[PDB]
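Residue numbers (the deposited numbering), protein chains in the order written: chain A, 771 to 821; chain B, 617 to 643, 658 to 667; chain C, 706 to 784.
Just so you know, even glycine gets a beta-carbon here, dropped at the ideal spot from N, CA and C.
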Amino acid sequence: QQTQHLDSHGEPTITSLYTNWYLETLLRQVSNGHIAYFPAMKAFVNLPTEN
Amino acid sequence: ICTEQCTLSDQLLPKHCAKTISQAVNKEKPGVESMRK
Amino acid sequence: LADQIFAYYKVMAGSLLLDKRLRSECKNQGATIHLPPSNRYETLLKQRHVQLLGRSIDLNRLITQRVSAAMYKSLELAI
Ligand SMILES: [Cl-]
């Protein structure tokens, strides 16, 4: 049930929580210029900006 | 019990080995809690 | 060439999988685990017909022979 957007009780799951965070927090801050994708590290890494 | 075990599992995470790394670069232990006297 | 190529990608693998929190904690303790310097082997690995003294050399084939032997030695060692 945790793999669904809502569990059987209509409650948020870890799937919905993480989905929201990666978009509204991590990816949003990439667009704000504080984070960059490092194909060298196969990961997103914080940039040395004033953040 | 789960809370207790989650703590024991957290102690196995790599982050806790930082000290050991530094002490060897320039120069307890999980399981001890199970050693019953 | 084959020797440093295998070592380069083995280090890359070990670096990619090394716990991130541990890295930061080692840094904060003046024991930074240094990142692997990036390199440029792709073009060499793509050479399929090197013209030398009239011969056509498949550099890719030769490297694979060595790298394959390195993979087996790594596995043999781990076990
Ligand atoms: Cl570099």
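For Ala775/C, collect the residues of the same chain with a Cβ closer than 7 Å to its Cβ; drop the 5 residues on either side in sequence, then sort them by chain order.
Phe711
Hey, how far is the Cα of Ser786/A from the Cα of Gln639/B?
42 Å
Within 10 angstroms of its Cβ, does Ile784/A collect 16 or more other Cβ (buried), or is it exposed?
exposed
Cβ-based burial, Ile768/C [other Cβ within 10 Å; buried from 16]
buried
Indicate whether at least one CB of chain A lies closer than 8 Å to the CB of residue 685/C.
Since the first residue shown for chain C is 706 and the last is 784, residue 685/C is missing from the structure and cannot be characterised.
So if DSSP puts residue 715/A in a beta bridge, which residue, or which two residues, is it bridged to?
Look at the range of chain A in this structure, 771 to 821, and you will see that residue 715/A is not part of it.
Is the CB of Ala806/A under 8 Å away from at least one CB in chain C?
no
For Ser743/C, tell me which candidate among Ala718/C, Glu781/C and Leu782/C has the shortest Cα-Cα distance.
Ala718/C
Taking C-alpha atoms, which residue in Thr748/C, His739/C and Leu727/C lies nearest to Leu706/C?
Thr748/C
Whose Cβ in chain C lies nearer than 8 Å to the Cβ of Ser638/B?
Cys731, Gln734, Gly735 and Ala736
Cβ separation of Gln771/A and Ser778/A, assumed to be a contact under 8 Å, to the nearest whole Å:
6 Å
Do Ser786/A and ligand 1 come close, with the Cβ less than 7 Å from some heavy atom?
no
Leaving out the 5 sequence neighbours to the left and right, which residues in its chain are closer than 7 Å to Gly759/C when beta-carbon positions are compared?
none
Strictly by DSSP, which residues pair up with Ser761/C?
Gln756/C
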